[PDB]
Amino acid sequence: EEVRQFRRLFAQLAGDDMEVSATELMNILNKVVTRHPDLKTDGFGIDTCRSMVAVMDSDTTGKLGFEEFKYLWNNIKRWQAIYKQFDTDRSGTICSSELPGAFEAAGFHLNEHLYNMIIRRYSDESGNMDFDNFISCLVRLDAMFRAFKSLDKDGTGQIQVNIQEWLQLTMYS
């Protein structure tokens, strides 16, 4: 069922050029969250979807091919389940005290200073983070760890970069 069902829905979503644009990604994400009222959102905005695309676009076509889209989609599916699980008060949002458990359940063990920066950038003035912000934060975070690890194969904890490389890493995102 599900290998074939997935190919069907990628093909219908990707349309005539067989790749998923940021706009196509935006539309499907907004259509789907509408069927989960336990995921509170103000919507996936175009800018957030361009960022999710850029970060997942390994082969630099500007768009998401089948394998890139499948990796993204499978993460979103794991992460949405984690979001529901760690929303222990059923507010439909992840507050400051729920967040470390949720991120830790996604494989990230960050220090306090980083959680504080993330809360400033992505959560509201209550320290509450809604679903599109949470997804957007995790797609980026997972991509940044992966980028760094690709440049640090021997686990030195350091990478060395020139300006061209730096700009590629920080602006194609």
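One rule holds for the numbers: they count along the sequence shown, beginning at 1. C-alpha atoms forming the largest set that superposes within 1.5 Å between two forms make up the rigid core.
Take 128-136 and 27-35, fit the other structures onto the shown form by the rigid core, and average the C-alpha distances in 7 other deposited structures of this protein: the farther stretch is 27-35. Each structure in 7 other deposited structures of this protein is fitted to the shown form on the rigid core, and of 60-68 and 142-150 the C-alphas lie farther away on average for 60-68. The deposited model assigns a higher average Cα B-factor to 31-39 than to the other stretch when 45-53 and 31-39 are compared. For the two regions 10-18 and 161-169, the entry's Cα B-factors average higher over 10-18. Among the modelled residues of the chain, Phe103 sits in the middle third by CA temperature factor in this PDB entry. When the CA B factors of the chain's modelled residues are split into thirds, the value for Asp59 lands in the highest one. In the PDB entry, a CA B factor belonging to the lowest third of its chain's modelled residues is recorded for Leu72. Ranked by C-alpha B-factor against the other modelled residues of its chain, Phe86 falls in the highest third. Annotation for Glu125: C-alpha temperature factor in the highest third relative to the rest of the modelled chain, per the entry.
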